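Let me begin by presenting the structure, written as structure tokens, before commenting on it.
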Amino acid sequence: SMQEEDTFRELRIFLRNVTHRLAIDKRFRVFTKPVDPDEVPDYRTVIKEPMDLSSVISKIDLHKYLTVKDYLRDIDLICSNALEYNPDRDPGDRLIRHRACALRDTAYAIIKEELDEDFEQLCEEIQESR
Ligand SMILES: COC(=O)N1C[C@@H]2C[C@@H]3O[C@]2(Cc2[nH]cnc23)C1
């Protein structure tokens, strides 16, 4: 219905606003673009599904997310990719892991304060009807 297409348009406006607020935070610059395959050639042999905040906006505009749950699966993949590629005790690996955990925790905290639980349940019920 038109009403259902209006629901998904509100979901996309909400997701673009959360993603912009993450992308302007200086702590998260290392997640604003794909890991460069010329600078890091072993990256795409270790990490089987690369993800970053530029790719997330492209996916919102392609209508890939029909719930906040499917958006948070991609924020969780950015975080898990950084923990698995950079696992060592040295400071550069510890700094990127701390930033990855802060990106995940920040996204979940904005959604807990600003997403209405009944708006998410409406998106889930339209998705399950298709
Ligand atoms: C999310 O970003 C990462 O997982 N990274 C892996 C790399 C390791 C380290 O930071 C890079 C880029 C780079 N070039 C030279 N060393 C590095 C970004």
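Residues in the structure tokens are numbered from 1 in each chain, the chains being A, B, ... in the order shown, and ligands are numbered from 1 in the order shown.
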Contacts of region 100-113 of chain A within 10 Å, only C-alpha atoms, excl. fewer than 6 positions in-chain, as a PyMOL selection string = chain A and resi 14-15+18-19+21-23+25+27-28+30-31+68+72+75-83+94
Those same residues, written as a CSV table (one decimal), in the first residue's frame with N, CA, C and O atoms?
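Output file out.csv follows:
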```csv
chain,number,residue,atom,x,y,z
A,14,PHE,N,15.4,8.0,8.8
A,14,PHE,CA,15.9,7.7,10.1
A,14,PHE,C,17.3,7.1,10.0
A,14,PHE,O,18.3,7.6,10.7
A,15,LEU,N,17.5,6.1,9.2
A,15,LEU,CA,18.8,5.4,9.0
A,15,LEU,C,19.9,6.3,8.4
A,15,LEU,O,21.1,6.2,8.9
A,18,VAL,N,21.1,8.6,11.4
A,18,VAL,CA,22.0,7.9,12.4
A,18,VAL,C,23.4,7.7,11.7
A,18,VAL,O,24.4,8.0,12.3
A,19,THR,N,23.4,7.3,10.5
A,19,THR,CA,24.7,6.9,9.8
A,19,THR,C,25.5,8.2,9.6
A,19,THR,O,26.8,8.2,9.8
A,21,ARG,N,25.6,10.9,11.6
A,21,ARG,CA,26.1,11.2,12.9
A,21,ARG,C,27.3,10.4,13.2
A,21,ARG,O,28.3,10.8,13.9
A,22,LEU,N,27.3,9.1,12.9
A,22,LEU,CA,28.5,8.2,13.1
A,22,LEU,C,29.6,8.7,12.2
A,22,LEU,O,30.8,8.7,12.6
A,23,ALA,N,29.4,8.9,10.9
A,23,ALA,CA,30.4,9.2,9.9
A,23,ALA,C,31.1,10.5,10.2
A,23,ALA,O,32.3,10.6,9.7
A,25,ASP,N,31.9,11.7,13.2
A,25,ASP,CA,32.7,11.5,14.5
A,25,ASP,C,34.1,11.2,14.2
A,25,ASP,O,34.4,10.2,13.5
A,27,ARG,N,36.5,9.7,15.7
A,27,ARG,CA,36.9,8.4,16.2
A,27,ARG,C,36.7,7.4,15.1
A,27,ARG,O,37.3,6.4,15.1
A,28,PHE,N,35.7,7.6,14.3
A,28,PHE,CA,35.2,6.6,13.3
A,28,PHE,C,35.7,6.8,11.9
A,28,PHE,O,35.1,6.1,10.9
A,30,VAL,N,38.2,5.8,10.3
A,30,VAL,CA,38.8,4.5,9.7
A,30,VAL,C,37.7,3.6,9.2
A,30,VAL,O,38.0,2.6,8.5
A,31,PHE,N,36.4,3.9,9.5
A,31,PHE,CA,35.3,3.1,9.0
A,31,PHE,C,34.4,3.9,8.0
A,31,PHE,O,33.4,3.3,7.6
A,68,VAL,N,15.2,-1.9,11.1
A,68,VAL,CA,16.4,-1.5,11.9
A,68,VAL,C,17.2,-2.7,12.2
A,68,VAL,O,18.5,-2.6,12.2
A,72,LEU,N,21.3,-3.0,11.7
A,72,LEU,CA,22.3,-3.3,12.8
A,72,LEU,C,23.1,-4.5,12.4
A,72,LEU,O,24.3,-4.6,12.9
A,75,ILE,N,26.1,-2.8,10.8
A,75,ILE,CA,26.9,-2.1,11.9
A,75,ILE,C,27.7,-3.2,12.7
A,75,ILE,O,29.0,-3.0,12.8
A,76,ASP,N,27.1,-4.3,13.0
A,76,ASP,CA,27.8,-5.4,13.8
A,76,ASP,C,28.9,-6.0,12.9
A,76,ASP,O,30.0,-6.4,13.5
A,77,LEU,N,28.7,-6.2,11.5
A,77,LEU,CA,29.7,-6.7,10.6
A,77,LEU,C,31.0,-5.7,10.5
A,77,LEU,O,32.1,-6.2,10.5
A,78,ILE,N,30.7,-4.4,10.5
A,78,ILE,CA,31.9,-3.4,10.5
A,78,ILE,C,32.7,-3.8,11.8
A,78,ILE,O,34.0,-3.8,11.7
A,79,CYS,N,32.1,-3.9,12.9
A,79,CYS,CA,32.7,-4.1,14.2
A,79,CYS,C,33.4,-5.5,14.2
A,79,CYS,O,34.7,-5.5,14.5
A,80,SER,N,32.7,-6.5,13.9
A,80,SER,CA,33.4,-7.9,13.9
A,80,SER,C,34.5,-8.0,12.9
A,80,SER,O,35.6,-8.7,13.3
A,81,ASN,N,34.5,-7.4,11.8
A,81,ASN,CA,35.6,-7.4,10.8
A,81,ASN,C,36.8,-6.8,11.4
A,81,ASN,O,38.0,-7.3,11.3
A,82,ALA,N,36.7,-5.6,12.1
A,82,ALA,CA,37.8,-4.9,12.7
A,82,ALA,C,38.4,-5.8,13.9
A,82,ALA,O,39.6,-5.8,14.0
A,83,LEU,N,37.6,-6.4,14.7
A,83,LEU,CA,38.1,-7.3,15.8
A,83,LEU,C,38.9,-8.5,15.2
A,83,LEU,O,39.9,-8.9,15.8
A,94,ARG,N,44.9,-2.4,19.4
A,94,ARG,CA,44.0,-2.2,20.5
A,94,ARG,C,43.2,-0.9,20.2
A,94,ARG,O,42.0,-0.9,20.7
```
Output the neighbourhood of ligand 1 as a count of residues only, that is, all protein and nucleic acid residues with some atom at most 10 Å from the ligand, counting only C-alpha atoms and all ligand atoms.
-> 35
Sel. of helix (DSSP H, G or I) residues, chain A, as an MDAnalysis selection string = chainID A and resid 2:23 26:31 43:46 53:61 68:85 91:114 117:129
Closest to residue 20 (chain A) among A:91, A:54, A:66, A:114, using only C-alpha atoms?
-> A:54
What separates CA of residue 13 (chain A) and CA of residue 60 (chain A) is a distance of 9.0 Å
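Shortest atom-to-atom contact with residue 125 (chain A) among A:89, A:67, A:10, A:73: A:67, counting only C-alpha atoms.
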Within 12 Å of region 127-130 of chain A, which residues of region 5-92 of chain A come that close, and what is the closest atom pair and distance in Å for each? Count only C-alpha atoms and give it as a tab-separated table.
```
residue	atom	partner	partner_atom	distance
A:5	CA	A:127	CA	11.4
A:7	CA	A:127	CA	11.2
A:8	CA	A:127	CA	9.9
A:64	CA	A:127	CA	11.7
A:65	CA	A:127	CA	10.0
A:66	CA	A:127	CA	6.5
A:67	CA	A:127	CA	7.8
A:68	CA	A:127	CA	11.6
A:69	CA	A:127	CA	11.5
A:70	CA	A:127	CA	11.0
```
Just how far from CA of residue 24 (chain A) is CA of residue 118 (chain A), in Å to one decimal?
->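 That distance, rounded to one decimal, is 28.9 Å.
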CA of residue 124 (chain A) to CA of residue 63 (chain A), distance in Å rounded to a single decimal = 14.7 Å
